[PDB]
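For reference, the structure discussed in these notes is given below.
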């Protein structure tokens, strides 16, 4: 239940299917990573609480807690947790997805699929969204943030 | 079955590798959560 970034694993052997963020007792990941399945954490079980396919997000144990947003000007850091490698920070200036409903920050970083759900951070260390729902032009990920 | 393993703190790192572009792209988001390019 400790705050932090976590690998999401499945089991013959084990494979990393994604990543997520524990904050304020709630686990946050992308819907496409877990498809809303319950998760084991040690001897305990985490059940889904809120989710939305269109936003590609899901929270476990409580409502979505992450609310910071990219300021539109500053570099950010992808806290990537790739399969089989230690967590690492990659700094970048986001581009932009321009949509009919407004602009969304986007990172032009292409990491292994099992990295989906990794958090993107502002300079204060706040999570401004999760990595792994995007488009191909190279892959570009939206900075996907939910609503608190 | 699906399980979680802690991998680190959520912290900014002053010595991070820096990379990547900042493209500006017109996109649409459909009901299935899929982004596509628009022209």
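Residue numbers (our numbering), protein chains in the order written: chain A, 39 to 186; chain B, 503 to 541.
For every residue, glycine included, the Cβ atom is placed at its ideal position computed from N, Cα and C.
Spatially closest choice to residue i from the options, by CA coordinates
| i | options | result |
| --- | --- | --- |
| residue 41 (chain A) | B:509, B:505 and B:504 | B:509 |
| residue 165 (chain A) | A:49, A:39, A:65 and A:46 | A:65 |
| residue 527 (chain B) | A:184, A:163, A:154 and A:136 | A:136 |
| residue 95 (chain A) | A:45, A:155, A:174 and A:116 | A:155 |
| residue 71 (chain A) | A:44, A:62, A:63 and A:61 | A:44 |
| residue 506 (chain B) | A:119, A:93 and A:142 | A:119 |
| residue 162 (chain A) | B:520, B:514 and B:541 | B:514 |
| residue 520 (chain B) | A:139, A:132 and A:143 | A:132 |
| residue 48 (chain A) | A:63, A:68, A:78 and A:39 | A:78 |
| residue 100 (chain A) | A:153, A:39, A:159 and A:63 | A:63 |
| residue 51 (chain A) | B:538, B:504 and B:533 | B:504 |
Partner residues on chain A for residue i, Cβ-Cβ distance less than 8 Å
| i | result |
| --- | --- |
| residue 507 (chain B) | 44, 45 and 47 |
Contact with chain A by residue i, beta-carbon distance below 8 Å
| i | result |
| --- | --- |
| residue 541 (chain B) | no |
Amino acids of chain B, ordered along the chain, whose beta-carbon sits closer than 9 Å to that of residue i
| i | result |
| --- | --- |
| residue 157 (chain A) | 512 |
| residue 180 (chain A) | 529, 531 and 537 |
| residue 72 (chain A) | 504 |
CB contact check: residue i to chain B, cutoff 8 Å
| i | result |
| --- | --- |
| residue 111 (chain A) | no |
| residue 168 (chain A) | no |
| residue 186 (chain A) | no |
| residue 97 (chain A) | no |
| residue 103 (chain A) | no |
| residue 64 (chain A) | no |
| residue 151 (chain A) | no |
| residue 163 (chain A) | yes |
| residue 85 (chain A) | no |
| residue 115 (chain A) | yes |
| residue 107 (chain A) | no |
| residue 118 (chain A) | no |
| residue 147 (chain A) | yes |
Residue i: contacting residues in chain B (beta-carbon distance under 8 Å)
| i | result |
| --- | --- |
| residue 132 (chain A) | 524 |
| residue 175 (chain A) | 525, 527 and 539 |
| residue 136 (chain A) | 526, 527, 528 and 529 |
| residue 79 (chain A) | 505 and 506 |
| residue 93 (chain A) | 535 |
| residue 40 (chain A) | 508 |
Contact list for residue i against chain B, beta-carbon separation under 7 Å
| i | result |
| --- | --- |
| residue 128 (chain A) | 518, 519 and 521 |
| residue 75 (chain A) | 504 |
| residue 125 (chain A) | 509 and 510 |
| residue 172 (chain A) | 537 |
Could you pull out every unbroken alpha helix (DSSP H) segment of at least 4 residues lying fully inside the region 60-140 of chain A, listed in chain order?
-> Every unbroken stretch of the alpha helix (DSSP H) spanning 4 or more residues and falling wholly within the region 60-140 of chain A is given here in chain order: 69-72.
For the 8 Å Cβ check, are there 3 or more pairs between the region 55-75 of chain A and the region 162-181 of chain A?
-> yes
Is there contact between the region 174-184 of chain A and the region 139-151 of chain A, where contact requires at least three CB pairs shorter than 8 Å?
-> Three or more beta-carbon pairs separated by less than 8 Å link the region 174-184 of chain A to the region 139-151 of chain A, which places the two stretches in contact.
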